[PDB]
Amino acid sequence: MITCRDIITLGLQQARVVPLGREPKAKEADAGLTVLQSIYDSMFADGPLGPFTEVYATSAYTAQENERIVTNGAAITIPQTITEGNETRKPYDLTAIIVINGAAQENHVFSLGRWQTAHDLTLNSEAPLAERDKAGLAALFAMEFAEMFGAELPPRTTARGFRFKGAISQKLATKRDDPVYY
Amino acid sequence: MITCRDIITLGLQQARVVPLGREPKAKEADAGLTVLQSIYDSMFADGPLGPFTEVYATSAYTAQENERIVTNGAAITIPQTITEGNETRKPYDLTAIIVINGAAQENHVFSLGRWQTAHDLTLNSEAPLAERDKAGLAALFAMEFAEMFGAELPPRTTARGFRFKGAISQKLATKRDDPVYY
Amino acid sequence: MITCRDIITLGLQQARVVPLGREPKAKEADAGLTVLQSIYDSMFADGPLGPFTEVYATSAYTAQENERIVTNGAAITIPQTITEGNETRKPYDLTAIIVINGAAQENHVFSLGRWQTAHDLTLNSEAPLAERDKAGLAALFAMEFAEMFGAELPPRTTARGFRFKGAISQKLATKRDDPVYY
Amino acid sequence: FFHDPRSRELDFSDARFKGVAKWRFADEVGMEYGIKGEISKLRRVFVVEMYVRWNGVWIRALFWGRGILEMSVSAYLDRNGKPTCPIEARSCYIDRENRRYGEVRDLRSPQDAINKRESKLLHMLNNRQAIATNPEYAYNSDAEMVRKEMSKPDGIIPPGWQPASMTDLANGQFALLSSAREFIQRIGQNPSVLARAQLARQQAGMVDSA
Amino acid sequence: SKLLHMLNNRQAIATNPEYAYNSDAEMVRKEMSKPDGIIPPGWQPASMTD
Amino acid sequence: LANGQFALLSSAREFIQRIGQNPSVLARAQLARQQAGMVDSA
C-alpha cells in the first residue's frame, strides 16, 4: 500500500532538497498535501480522465461509465461487473465515475482491477493509480512543487513525468483492432 | 544469477559516485530498489511490453499470450509449451502475461527460454531480462537515478541505454519473412 | 591466442589511463570483464549477428545456420561441413548458432575457419573474432568503458572502432554476384 | 431439384437417379393417398419423388420419413420402347470436381472491389488522425476526445496537437476503383447494353453471349 | 494485389529514440495506417506512395 | 478533402443515371434505344 506520504517523501528527495534517508518535517509534508490534492482534483474536473456525461436521477440508479452523477438524495452504487449480453466483463482501464451530492464530491477511477478513491486524500490513505509506477508519479508531483523551494527538476527525470501524464491521457495499453482493408 | 543488487552496484559506479571496488551503503542501496521497481512496473502497465487483452474468467483457465487476467479466485497456470496443430513451439520472445487477483499483481515475461518473474523484486532475487546484457540495464537504471546525486551519465554510455530500451521495444531479433513480389 | 586480458590491457592504455608497459590491477581488470562480457552477450541477443530462427526439438537434432535451439534434454551438435548436393562447403562467414538448455546459454560464431565460443568468457579464454583485428576490438571496448574513469577516446581512434562494428554488421567480405542486365 | 453426384456431364446423361423433393401440406397428402392424419392445421411434410435406375428398367418411387407411398415401373416410354425418366435438365458450366456454377459465380470478385473500394474512401475522407507534438500543452486534455474535434468542422482544438490527415494514397484508390468499374462493364455488361449501328452488336456483341 | 497492399499501409521509421522506443513498434505502425488513430511522438509515417 | 468529396458524389450521380434512368431518357437515332435501351427494360 503506497501511502500519500511516500510520494511526498520521494518527491522531495527527487528534487534534492531533503537528503537521502531523512524524512520531511511537519510544515513541509503538510503543504505538499494540499498541492497533491490539487493535481488529483484537476484531473476529474477537466483533464485527461475523459469527458463526462450529465445525468440527474433521484432514484436507486446504478452508475455507468464516465457519468457524473449530481443526485441529491439517492443510493448510487458503482458497478463491479458489467453484463453486455453475457459478455460479463470488468470496466475499461482508466474510466472514471463522479457522484456529487449537495456539497461533497466523490470521484472514482478503475485502474488495474480495483476502484481507486481519490477524494479527501489524507496523509495515510493510499494514492490512486500509483501502482502503475511510483517514481513517475513523484516526478509529476515534484515538477512544480519544487518551485516554492529554490531547486527544480533535472531534465533526465522531468521527461519521465511527462511520460506518465501521457500514459494516462491516451489509454493505449488495451489492445485494439487492426486496419481492415475495407 | 545476476541479482538485483549487482545492477545497483554497477549503476552507481557507472555514474562515478561510488569508487571502483567498493559497495553501496544501506540508505543508498535501499532507495535504488524503489526506483528499479518503478521502471519494471511501468513496463507492464503501459510501455514497450506490448498491448494486452482483457479477460474475466472464474474457472480453471490457462493463460494465452499478452493476456491480462483479472480473476478473483482461480488457478491461472502460465503455459510452458504451445501446440498450434502439432507445431509444439515455445512462446515468442518478450511476450508478457499479467495475473491480477484482489490486490496482488504478478507480471511475467518470457525472455530466452525462461519465464522471468518481475514482481515484488527484492534485494536478493534475480533481475528479469538482464541475461541479454548486464551493463546496458545498469545504464538505463542509472540514467535518471543519478539525478538525485549531483552527477549525470556521460554521452558515450547514455546512448548505450537507449539501445537496450529499443532492443525490447521492437522485438526485432526473431527472423521474419522476406518481401513477396505479389 | 589473443586472451581476454590482452584486450583489457590494450583497451586501458588506449584511453591513456594506464601507462605504456604496465598492466592493470585486480579491481580494474575485473570490472572490465563484466562489461566485455556484456558487449559480446548483446550481439547474439539482438544485434549485428543477424536474425535467428525459432526451433523446439527434443531429439538428436543437428543445428543449421542462424538457428536458436531451445531444447531441454538433447544432443545438439554444431556442424563442421555442410553438403548441399555435394557442394561440401564450410559455413558462411559470421553466422551464429545459439543452444539454450534450462538456464545455460551457449552461443557460437564461425569466423575464419573456426567456431568461436563467446560464452562464460573468463580472464584466460580467447576472445571471439579478435583475429580479424586486435586494436579495433579494444577501441570498441574502451569507447564506453573509459567513461567510468575521467578520460574518453580521441576522435582519430574512436572512428576506428565504428569501422569494426560495421565490418561485422554488413558481412561484405564474401564476394557476391554482379549486376545482371535482365 | 435433386440428382446424384458422380455425374460428370452437364446434360445429366450419366445420372442414375433424379427427383423433385418438395414440401407440401399434410392435409393435401394424407387425404390424397389414404394415410391418416398426424402420423391442428397447416402442418408441413417432406414427400419426395425418385426415378432410380434399379436394373434395366426405371423404377419410380415416392416416399417420406417413414414408409413409402407408391412404387412402380415408370409409365412413360422412350424412342426405343423401354421405360425411362421424364425429368430433363441442363447446367451452365461444370468444374473438375463436380461443381455446377452459373454466370454470377463470376462478377463477384470484381464486385466486392467496387463496394469495398467505396467505403474505404468514405471512411478516409472524413477523419483526420491526430499526432502529438508538444508533450506539455498536449497530454493535458485527452487523446480520443481531441481527434473527434478535428474531424468535425464545428470544433475547438487544444494546443499541442497536429491534424495529420491521410489525403494522400487516395488518388491511388480512385485509380484502382476505376479499374474495376471498367472490367465489370466489359466481362458482364456486354448483352447489347453498352451505349455501333448493328455491326458492333450484330457480330461483335452477340458472339460473346453465344 | 501488390497495389492494394501498398496503398493502405504506411511503414513507420524511428526518429527520436527517447520519445520513441517508449510505446511499442508494431502497435504504432498499425495506428498510422488507419484513419481513426492516435500516434505517439517520435515516429515518422514514411509511406511508399512512390 | 472536399475535392475528394466532389469526386465521390459525381461517382454516384452517374451510377444513378445508368442503372435507373435508362427508359429512353438519356439525352442515338433509334439504334441506341431500339436495341440498346429497350433490352435492359425487357
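What follows is calculated from the coordinates using simple rules that are stated; it is not laboratory data. Heads up, the Cβs are rebuilt from the backbone with ideal geometry, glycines too, and the neighbour counts pull from every protein chain shown.
Within the range D:31-41, is there a residue that is of a type outside the set (A, V, I, L, M), surrounded by 15 or more Cβ atoms within 10 Å (Cβ to Cβ) and part of a loop (DSSP other than H, G, I, E, B)?
For the range D:31-41, residues of a type outside the set (A, V, I, L, M), surrounded by 15 or more Cβ atoms within 10 Å (Cβ to Cβ) and part of a loop (DSSP other than H, G, I, E, B): absent.
Any residue at all in the range E:22-34 that is more than 8 Å from the chain's Cα centre (by Cα) and within 23 Å of D:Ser119 (Cβ to Cβ)?
Yes: the range E:22-34 contains one or more residues that are more than 8 Å from the chain's Cα centre (by Cα) and within 23 Å of D:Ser119 (Cβ to Cβ).
Yes/no per residue for (1) loosely packed, with under 12 Cβ neighbours inside 10 Å; (2) touching an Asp or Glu at 6+ places or on another chain (Cβ under 8 Å); (3) farther than 25 Å from A:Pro154 by Cβ:
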residue	(1), (2), (3)
A:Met1	yes, yes, yes
A:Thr9	no, yes, no
A:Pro19	yes, no, no
A:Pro24	no, no, no
A:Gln37	no, no, yes
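Residues of the range A:58-103 being small (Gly, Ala, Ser), surrounded by 11 or more Cβ atoms within 10 Å (Cβ to Cβ) and in a loop (DSSP other than H, G, I, E, B), which ones?
Scanning the range A:58-103 gives A:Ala63, A:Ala74.
Pairs only if they're at least six apart or on different chains, beta carbon under 9 angstrom, first in the range E:23-42 and closer than 15 Å to D:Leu169 by Cβ and facing another protein chain (nearest Cβ under 7 Å), second assigned to a loop (DSSP other than H, G, I, E, B) and among the acidic types (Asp, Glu); list them, first residue then second.
E:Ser33/A:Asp178; E:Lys34/A:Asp177; E:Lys34/A:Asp178
Taking A:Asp120 as the residue in question, decide whether it is charged (D, E, K, R), assigned to a loop (DSSP other than H, G, I, E, B) and within 14 Å of chain B (Cβ to nearest Cβ).
It is false that A:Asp120 is charged (D, E, K, R), assigned to a loop (DSSP other than H, G, I, E, B) and within 14 Å of chain B (Cβ to nearest Cβ).
Which of the residues that make up the range C:35-56 are touching a strand residue (DSSP E or B) at 6+ places or on another chain (Cβ under 9 Å), at the interface with chain B (Cβ under 8 Å from one of its Cβ atoms) and part of a helix (DSSP H, G or I)?
C:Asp41
I'm trying to understand the selection: among the residues of the range D:91-125, which are surrounded by 18 or more Cβ atoms within 10 Å (Cβ to Cβ) and in contact with a helix residue (DSSP H, G or I) (Cβ under 6 Å, 6 or more places away or on another chain)?
Of everything in the range D:91-125, those that are surrounded by 18 or more Cβ atoms within 10 Å (Cβ to Cβ) and in contact with a helix residue (DSSP H, G or I) (Cβ under 6 Å, 6 or more places away or on another chain) turn out to be D:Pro110, D:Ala113, D:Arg117, D:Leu121, D:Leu125.
Which of the residues spanning the range C:129-144 are small (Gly, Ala, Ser) and under 22 Å from C:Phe110 (Cβ atoms)?
So in the range C:129-144, the residues small (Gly, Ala, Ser) come out as C:130, C:135-136, C:138-139, C:142.
Across the range C:129-144, the qualifying residues are C:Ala130, C:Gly136.
Being more than 27 Å from B:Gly161 (Cβ to Cβ), in a loop (DSSP other than H, G, I, E, B) and in contact with a helix residue (DSSP H, G or I) (Cβ under 8 Å, 6 or more places away or on another chain) narrows it down to one of C:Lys134, C:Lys175, so name that one. Lay out the reasoning, then the answer.
Numbers: C:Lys175 fails: in contact with a helix residue (DSSP H, G or I) (Cβ under 8 Å, 6 or more places away or on another chain).
Selected residue: C:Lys134, the only one of C:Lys134, C:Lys175 that is more than 27 Å from B:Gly161 (Cβ to Cβ), in a loop (DSSP other than H, G, I, E, B) and in contact with a helix residue (DSSP H, G or I) (Cβ under 8 Å, 6 or more places away or on another chain).
Within the range D:24-34, how many residues are farther than 22 Å from D:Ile59 by Cα and of a type in the set (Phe, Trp, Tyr)?
1
State yes or no: is B:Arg114 within 14 Å of chain C (Cβ to nearest Cβ), within 30 Å of A:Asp93 (Cα to Cα) and either surrounded by fewer than 16 Cβ atoms within 10 Å (Cβ to Cβ) or of a type outside the set (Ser, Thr, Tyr) (or both)?
It is true that B:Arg114 is within 14 Å of chain C (Cβ to nearest Cβ), within 30 Å of A:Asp93 (Cα to Cα) and either surrounded by fewer than 16 Cβ atoms within 10 Å (Cβ to Cβ) or of a type outside the set (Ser, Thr, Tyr) (or both).
Would it be correct to say that A:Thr157 is at the interface with another protein chain (Cβ under 9 Å from one of its Cβ atoms) and β-branched (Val, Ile, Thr)? Break it down into steps so the answer makes sense when it comes.
Values: at the interface with another protein chain (Cβ under 9 Å from one of its Cβ atoms): yes; β-branched (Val, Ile, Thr): yes.
Yes.
Out of curiosity, is D:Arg181 surrounded by 15 or more Cβ atoms within 10 Å (Cβ to Cβ), under 26 Å from E:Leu4 (Cβ atoms), among the basic types (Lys, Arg) and touching a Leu at 6+ places or on another chain (Cβ under 6 Å)?
no
Take the residues of the range F:1-21 that are more than 10 Å from chain D (Cβ to nearest Cβ) and not charged (D, E, K, R): which is farthest from the chain's Cα centre (by Cα)?
Filtering the range F:1-21 for residues that are more than 10 Å from chain D (Cβ to nearest Cβ) and not charged (D, E, K, R), the one farthest from the chain's Cα centre (by Cα) comes out as F:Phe6.
Mind checking whether some residue in the range C:166-175 is among the small types (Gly, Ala, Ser) and in contact with a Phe, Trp or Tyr (Cβ under 8 Å, 6 or more places away or on another chain)?
Scanning the range C:166-175, I find no residue that is among the small types (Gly, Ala, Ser) and in contact with a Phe, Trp or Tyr (Cβ under 8 Å, 6 or more places away or on another chain), so the answer is no.
For the range E:11-26, give me each residue that is in a loop (DSSP other than H, G, I, E, B) and buried (at least 18 other Cβ atoms within 10 Å of the Cβ). Show your work before the answer.
So the first thing to find is which residues in the range E:11-26 are in a loop (DSSP other than H, G, I, E, B), and the list is E:11, E:15-26.
If the condition is that a residue be in a loop (DSSP other than H, G, I, E, B) and buried (at least 18 other Cβ atoms within 10 Å of the Cβ), then E:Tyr19, E:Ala20, E:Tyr21, E:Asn22, E:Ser23, E:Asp24, E:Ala25 are the ones that fit.
Which numbered condition trips up C:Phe149, out of (1) within 14 Å of another protein chain (Cβ to nearest Cβ); (2) of a type in the set (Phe, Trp, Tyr); (3) within 16 Å of C:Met43 (Cβ to Cβ)?
Among (1) within 14 Å of another protein chain (Cβ to nearest Cβ); (2) of a type in the set (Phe, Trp, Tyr); (3) within 16 Å of C:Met43 (Cβ to Cβ), C:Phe149 violates only (3).
With in contact with a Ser or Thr (Cβ under 6 Å, 6 or more places away or on another chain) and of a type outside the set (S, T, N, Q) as the only criterion, which of A:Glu54, A:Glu65 stands out?
Just a single option satisfies the conditions, and that option is A:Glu65.
Quick test of your reading of the structure: C:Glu106 fulfils all but one of (1) in contact with a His (Cβ under 7 Å, 6 or more places away or on another chain); (2) crowded, with 19+ Cβ neighbours inside 10 Å. Name the failing condition by number.
Status for C:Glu106: all satisfied but (2).
For C:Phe141, indicate whether it is more than 14 Å from chain B (Cβ to nearest Cβ), out of contact with any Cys (no Cβ under 7 Å at 6 or more places or on another chain), crowded, with 16+ Cβ neighbours inside 10 Å and outside any loop (DSSP other than H, G, I, E, B).
Numbers: more than 14 Å from chain B (Cβ to nearest Cβ): no; out of contact with any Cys (no Cβ under 7 Å at 6 or more places or on another chain): yes; crowded, with 16+ Cβ neighbours inside 10 Å: yes; outside any loop (DSSP other than H, G, I, E, B): yes.
No: the conditions fail for C:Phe141.
Between a first residue in the range D:90-107 that is under 17 Å from D:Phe1 (Cα atoms) and a second residue that is exposed (fewer than 10 other Cβ atoms within 10 Å of the Cβ) and among the hydrophobic types (A, V, I, L, M, F, W, C), which pairs have beta carbons less than 8 Å apart while being 6 or more apart in sequence or on different chains?
none
Give the residues of the range C:155-168 that are more than 16 Å from C:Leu112 (Cα to Cα) and either touching a strand residue (DSSP E or B) at 6+ places or on another chain (Cβ under 7 Å) or not basic (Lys, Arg) (or both), sorted by residue number.
C:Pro155, C:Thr157, C:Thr158, C:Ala159, C:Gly161, C:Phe162, C:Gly166
Within the range D:126-135, is there a residue that is over 30 Å from A:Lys165 (Cα atoms) and surrounded by 15 or more Cβ atoms within 10 Å (Cβ to Cβ)?
No: zero hits.
Being at negative phi, of a type in the set (D, E, K, R) and part of a loop (DSSP other than H, G, I, E, B) is the filter here; which residues of the range B:8-33 pass it?
Restricting attention to the range B:8-33, the residues satisfying the condition of being at negative phi are B:8-15, B:17-20, B:22-33.
Those left that are additionally of a type in the set (D, E, K, R): B:22-23, B:25, B:27-28, B:30.
Those that are at negative phi, of a type in the set (D, E, K, R) and part of a loop (DSSP other than H, G, I, E, B): B:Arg22, B:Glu23, B:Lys25, B:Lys27.
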